[PDB]
There are 2 protein chains.
Amino acid sequence: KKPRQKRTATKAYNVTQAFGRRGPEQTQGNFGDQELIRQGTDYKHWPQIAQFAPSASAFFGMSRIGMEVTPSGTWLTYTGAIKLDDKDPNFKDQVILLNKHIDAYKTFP
Amino acid sequence: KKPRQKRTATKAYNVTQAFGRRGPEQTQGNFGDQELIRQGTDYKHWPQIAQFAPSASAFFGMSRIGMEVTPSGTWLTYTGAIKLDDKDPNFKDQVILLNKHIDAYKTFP
Ligand SMILES: O=C(/C=C/c1ccc(O)c(O)c1)O[C@@H](C(=O)O)[C@@H](OC(=O)/C=C/c1ccc(O)c(O)c1)C(=O)O
Ligand code: NA
């Protein structure tokens with residue numbers, strides 16, 4: 001199996017299997033409704049989500065990168081923000097799609 | 001020009017041009033020494049850095065994702081942490097390489 005950061009979720013290997021249960025904790029993933037969790041990149045609107053994912057160059061160019069050495073190991077930390085184009089005619093639908101998946105786990109077991 | 005998150009830095013379109021100068025503010029990237037800044041993905045050790053960058057699936061699976069509406073526009077926020085494999089024979093070289101680039105800008109004239 002690939003390193004966690006290189007994994008690709010699909011119906012055969014879903015978001016929970018690849019990335020763990022969604023939840024509220026720092027360094028727990030919070031993104032995905034039940035349909036996306038189950039289907040990963042097989043999700044019918046995956047392209048409209050993936051348009052916001054950074055290239056490796058942009059991940060290392062845009063982000064605040066840190067390194068932490070703790071009792072669990074050595075961790076590369078990252079924070080950043082990606083600006084949506086509010087002049088894109090698809091902007092309202094993009095906001096609706098992203099909001100549908102952000103913290104969706106709070107509404108189901 | 002591509003949306004910022006899809007840009008690829010190269011010798012012709014470098015990290016400063018693609019992603020802005022390195023600096024300490026939360027809106028700036030902090031990653032890259034003078035050689036990676038000038039070369040982007042032409043950098044001789046780029047693969048050893050890119051191995052830590054998340055797939056589109058992992059970026060949305062591992063990260064804490066948010067949406068912030070501020071005076072400057074609408075932002076998709078991301079945070080998370082990637083564990084190094086201390087059983088990787090290249091672990092000690094990965095630590096040295098990441099230490100060369102994190103906040104390297106502090107040493108520039
Ligand atoms: O990267 C740039 C911009 C380059 C550029 C612009 C327009 C062009 O048309 C072009 O071809 C290139 O400069 C910086 C910026 O903007 O302040 C960028 O600095 C550096 O890496 C400098 C490092 C350094 C290290 C050791 C030294 O001894 C020394 O003298 C300098 C940063 O700190 O992020
Ligand atoms: Na160290």
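Per chain, numbering begins at 1; letters A, B, ... match sequence-line order. One-based numbering, in listed order, for ligands and for the atoms of each.
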Could you list the atoms of ligand 1 found under 4.0 angstrom from a heavy atom of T16(B)?
1 (O), 2 (C), 3 (C), 16 (O), 18 (C), 34 (O)
Does a side-chain heavy-atom distance below 4.5 Å link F52(A) with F60(B)?
yes
Atom 9 (O) of ligand 1 protein-contacted (non-hydrogen atom, under 4.0 angstrom)
no
Starting from atom 34 (O) of ligand 1, find the nearest protein heavy-atom neighbour and note its residue, name and distance.
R22(B) N, 3.0 Å
Check: of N14(B), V15(B), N30(B), min heavy-atom distance to atom 12 (C) of ligand 1 comes from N14(B)
Does a side chain donor of either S72(A) or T70(A) reach within less than 3.5 Å of an acceptor in the other side chain?
yes
Paired with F31(A), the side-chain contact (heavy atoms from CB on, under 4.5 Å) test is passed by just one of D103(A), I49(A), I37(A), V15(A), namely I49(A)
Between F19(B) and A58(A), the two heavy atoms sitting closest are CZ-CA, 3.3 Å
Looking at atom 30 (O) of ligand 1, would you say a protein heavy atom lies below 4.0 Å from it?
yes
What I'd like to find out is whether the side chain of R7(A) reaches to under 4.5 Å of the side chain of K1(A), using heavy atoms alone.
yes
Return yes when at least one protein heavy atom is under 4.0 Å from atom 6 (C) of ligand 1, and no when none is.
no
Nearest non-hydrogen contact to atom 33 (O) of ligand 1 from the set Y105(B), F108(B), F19(B) belongs to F108(B)
Minimum heavy-atom distance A50(A)-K6(B), with the two atoms named:
O-NZ, 3.0 Å
In the protein, what heavy atom is nearest to atom 28 (O) of ligand 1, and what distance, to one decimal place, separates them?
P109(B) CG, 3.7 Å
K11(A) to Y43(A) six-membered ring, cation-pi geometry met (6.0 Å, 45°):
no
Nearest protein heavy-atom contact for atom 25 (C) of ligand 1: which residue, which atom, what distance?
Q34(B) CB, 3.5 Å
Going by atom types alone, do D88(B) and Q94(B) pair a side-chain donor with an acceptor below 3.5 Å?
yes
Would you tell me which option among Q28(B), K106(B), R21(B) has the nearest heavy-atom contact to atom 15 (C) of ligand 1?
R21(B)
Within the structure, does at least one protein heavy atom fall under 4.0 Å of atom 20 (C) of ligand 1?
yes
